[PDB]
Amino acid sequence: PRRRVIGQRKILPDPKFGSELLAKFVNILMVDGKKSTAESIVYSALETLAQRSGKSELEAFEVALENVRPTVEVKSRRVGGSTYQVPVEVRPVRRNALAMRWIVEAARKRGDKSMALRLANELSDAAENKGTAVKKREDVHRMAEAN
Amino acid sequence: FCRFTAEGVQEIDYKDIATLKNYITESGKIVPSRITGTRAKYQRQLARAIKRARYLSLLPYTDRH
Amino acid sequence: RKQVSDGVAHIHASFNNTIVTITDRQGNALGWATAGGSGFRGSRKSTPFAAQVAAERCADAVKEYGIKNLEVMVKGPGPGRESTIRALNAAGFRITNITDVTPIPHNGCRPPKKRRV
RNA sequence: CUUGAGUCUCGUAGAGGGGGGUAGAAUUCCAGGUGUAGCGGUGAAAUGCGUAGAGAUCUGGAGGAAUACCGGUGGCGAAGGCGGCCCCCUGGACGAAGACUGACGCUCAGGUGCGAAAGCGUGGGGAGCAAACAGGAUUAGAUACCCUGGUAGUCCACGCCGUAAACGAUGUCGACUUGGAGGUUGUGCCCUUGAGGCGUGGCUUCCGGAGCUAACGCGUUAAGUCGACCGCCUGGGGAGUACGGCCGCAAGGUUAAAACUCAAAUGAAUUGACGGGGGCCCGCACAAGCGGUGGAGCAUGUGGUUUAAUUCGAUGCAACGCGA
Ligand SMILES: [Mg+2]
Ligand SMILES: [Mg+2]
Ligand SMILES: [Mg+2]
Ligand SMILES: [Mg+2]
Ligand SMILES: [Mg+2]
Ligand SMILES: [Mg+2]
Ligand SMILES: [Mg+2]
Ligand SMILES: [Mg+2]
Ligand SMILES: [Mg+2]
Ligand SMILES: [Mg+2]
Ligand SMILES: [Mg+2]
Ligand SMILES: [Mg+2]
Ligand SMILES: [Mg+2]
Ligand SMILES: [Mg+2]
Ligand SMILES: [Mg+2]
Ligand SMILES: [Mg+2]
Ligand SMILES: [Mg+2]
Ligand SMILES: [Mg+2]
Ligand SMILES: [Mg+2]
Ligand SMILES: [Mg+2]
Ligand SMILES: [Mg+2]
Ligand SMILES: [Mg+2]
Ligand SMILES: [Mg+2]
Ligand SMILES: [Mg+2]
Ligand SMILES: [Mg+2]
Ligand SMILES: [Mg+2]
Ligand SMILES: [Mg+2]
Ligand SMILES: [Mg+2]
Ligand SMILES: [Mg+2]
Ligand SMILES: [Mg+2]
Ligand SMILES: [Mg+2]
Ligand SMILES: [Mg+2]
Ligand SMILES: [Mg+2]
Ligand SMILES: [Mg+2]
């Protein structure tokens, strides 16, 4: 994008709930174009989220998001002759994306004898501020001030 | 700028210290003509008068005294 | 021994060193300490941080007299001399005024031939 | 005879020259005062300086040399050159209005004088600076180079020397030939004069027309159009050297060849190279992402080695599941 940065495909909303953020979440969790496999795990995890952690599964989604979605990160740019770890605040979409990435990676770092249970437990701990995704929001807020 | 020609003094004498200290920095140094717009002839006369005054200790050479 | 509460400082500031010494309206010096008088050597002894530490170790070395204000005689363009003057500013001294006392000859003597490369 | 060239009267500007005073910064030194272990230097240190008290700082003194700001390719001078201030002696230029002399002019071989810096002689003086030298950093070797010192010299007097890219690389004098912008210095007239507007000189800077020039460029301050006189040049190198003369205390200067050798040497301009320089803009080049390779097993190619032969070619990107 040297000449003009181009935007992103406005993805089509979730068929089960008409929301577009859960659509981006299932796209993030998807692997090798296996969308059916992905949305199966996503729906399974949100259903049990609506049970083990109170009602409002679609609301518990952002209950975990706003708990993990960062505000500041570092963008090492050499505007002074060397890569300087300058901190920057993000637009909403950047923190949305980083939140969902951090959720799915932590879910994959759990085992829990299923990916449904993995994502469910991880998203619950994230919603009530427990686990590792919240910790990697803590570190991204910590090193954002270290320089 | 073209001051002494508007006034028409025949010679800027060294005694008129009152009219000198405005051609002098607070440090005591002479200010160039390109800043005060004085004509070069009267600039020379000013320089001579100022040096004579500095000698008579009417003006200071510098502030270091 | 005695009190002044408004002294005068002198930062003789070469490109190779920076010495700072204070007295009180009289030239009778009180406390001196050099950037080189603090283990530093080479280019290290010519840094504004060395100026910081020299300012500190003079202020404390004279604090027995407990001065509270300061004139500063900055002389010679040592590298980063605002450094030490504001170090002293923070050291508990309301600096009264600064004075560039860098001696300027009126073509008095022939200077040495400068570096050739 | 008065238009050239001069003289007189009134003024103006100026680092023009010579002499003598004097001032204030700063450097170094000395004297003490305050006040201790660093100062100074560098790539980093060392030599050096500092406990006999530095360095830093204050006061006093001594001494030498040079004159910040003004300051301007601004001014003056034949050129070299000339820079605080004051006085004394003195040269030149320019302007206004007259008066006076009446061609008294221009140029100039030889000649005479002046002539940056270095240098030489004699005697001074000597702060700073600094050839040479000394020492420290230091290799078959110390010279490089840098530091810390440092004499001559730099300064004064009086003698020599007489050379510089002493350059505007442009001899002096006169006349003539379109313009524009300045700087500086006069001076006349004038708007109500100050300011300001019209003039009219001298000097000086930069554009540019005709013209000129090989071109670059010069261009009323000519390298234009002419006149008078002088100096000088005749391929490059040998060589501004040898010999001789003259000059000088000396260093050397000046005048000035030939043998020999080359087929060029040179001037200006043109087009490219000259990337371990700039600037701009591109590309999955990076950034943001996703999946890999590098680890494991196997497939295949190459290198290597082995072999009787392991056919031959392809070898950075742009050879290596390539010819096949
Ligand atoms: Mg004179
Ligand atoms: Mg003095
Ligand atoms: Mg002392
Ligand atoms: Mg002249
Ligand atoms: Mg007659
Ligand atoms: Mg002659
Ligand atoms: Mg002579
Ligand atoms: Mg000489
Ligand atoms: Mg001599
Ligand atoms: Mg002698
Ligand atoms: Mg020396
Ligand atoms: Mg030396
Ligand atoms: Mg040596
Ligand atoms: Mg050398
Ligand atoms: Mg002489
Ligand atoms: Mg000659
Ligand atoms: Mg010259
Ligand atoms: Mg010549
Ligand atoms: Mg002529
Ligand atoms: Mg004129
Ligand atoms: Mg022209
Ligand atoms: Mg002209
Ligand atoms: Mg001519
Ligand atoms: Mg010609
Ligand atoms: Mg010949
Ligand atoms: Mg000769
Ligand atoms: Mg001879
Ligand atoms: Mg002889
Ligand atoms: Mg690529
Ligand atoms: Mg990348
Ligand atoms: Mg492998
Ligand atoms: Mg093969
Ligand atoms: Mg292939
Ligand atoms: Mg094959």
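Every read-out reported here was derived from the displayed coordinates using simple, explicitly stated rules and does not represent laboratory data. Neighbour counts run over all protein chains shown; Cβ positions are idealised from the backbone, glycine included.
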What does the charge dipole of chain A about its Cα centre add up to, to the nearest 20 debye, if the Cβ of each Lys and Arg holds +1 and the Cβ of each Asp and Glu holds -1? 860 debye
What distance in nm lies between label points placed 7 Å from Cα along the C-beta direction at B:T5 and A:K75? 6.0 nm
For chain C, what proportion of DSSP beta bridges, expressed in % and rounded to the nearest 5, is antiparallel? 45 percent
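Sort C:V20, C:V8, B:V9 so that the residue with the fewest other Cβ atoms within 10 Å of its own Cβ comes first and the one with the most comes last.
Working: C:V20 29, C:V8 22, B:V9 13.
Final ranking by Cβ density, sparse to dense: B:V9, C:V8, C:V20.
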Could you list the trypsin sites (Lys or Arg not before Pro) in chain B that lie in coil according to DSSP, counting only those with at most 13 other Cβ atoms within 10 Å of their Cβ? B:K15, B:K29, B:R64
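If I take every Cα pair under 8 Å that is 6 or more residues apart in chain B, average their sequence separation and divide by the length, what percent do I get for the relative contact order? Could the numbers behind the result be given before it?
On the way: 55 pairs, mean separation 28.1, N = 65.
Across chain B, relative contact order equals 43 percent.
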Chain C, relative contact order in percent, only Cα pairs under 8 angstrom and at least six apart counted: 29 percent
From the square roots a ≥ b ≥ c of the eigenvalues of the alpha-carbon gyration tensor of the stretch C:4-117, which class results: rounded (a/c under 1.5), prolate (a/b over b/c), or oblate? oblate
Taking +1 at the Cβ of each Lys and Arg and -1 at the Cβ of each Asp and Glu, which of A:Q8, A:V42, A:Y84 sits farthest along the dipole of chain A towards its positive end, judged by Cα position relative to the Cα centre? A:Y84
Unsatisfied cross-links (Cα-Cα over 25 Å) in the set A:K109/A:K136; A:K10/A:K109; B:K29/C:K113: A:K10/A:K109; B:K29/C:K113
For the protein assembly as shown, share of DSSP beta bridges that run antiparallel, in % to the nearest 5: 50 percent
Taking only Cα atoms, what is the 0 to 90° angle, nearest 10, from helix C:48-62's long axis to the longest principal axis of chain C? 40 degrees
Taking other Cβ within 10 Å of each residue's Cβ, how do C:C109, C:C58, B:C2 sort, fewest first? C:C109, B:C2, C:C58
Of A:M115, A:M100, A:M143, how do they rank once you tally other Cβ atoms within 10 Å and put the fewest first? A:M143, A:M115, A:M100
May I ask you to derive the relative contact order of chain A, considering only C-alpha pairs under 8 Å and at least 6 residues apart, and to give it as an integer percent? 23 percent
Hey, what do the phi angles of the stretch A:71-86 turn into as Karplus ³J(HN,Hα) couplings, whole Hz, using 6.51/-1.76/1.60 and θ = phi - 60°, x for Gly and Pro? 10, 10, 9, 10, 10, 5, 10, 9, 7, x, x, 7, 4, 9, 7, 7
Under 20 Å Cα to Cα from C:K63, which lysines show up? Leave out anything in the same chain fewer than 8 places away. C:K2
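When only DSSP loop residues count, what trypsin sites (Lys or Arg not before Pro) in the stretch C:1-85 have their Cβ near at most 16 other Cβ atoms within 10 Å?
Answer by residue number: C:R1, C:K2, C:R25, C:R41, C:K63, C:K68.
Go ahead and estimate [θ] at 222 nm for the protein assembly as shown from helices alone: -39,500 (n - 2.57) per DSSP H run with n ≥ 4, summed, over the residue count, rounded to 500. Working shown, then result.
Numbers: 11 runs with 128 residues, N = 329.
Roughly -12000 deg cm²/dmol at 222 nm, from the helical runs in the protein assembly as shown.
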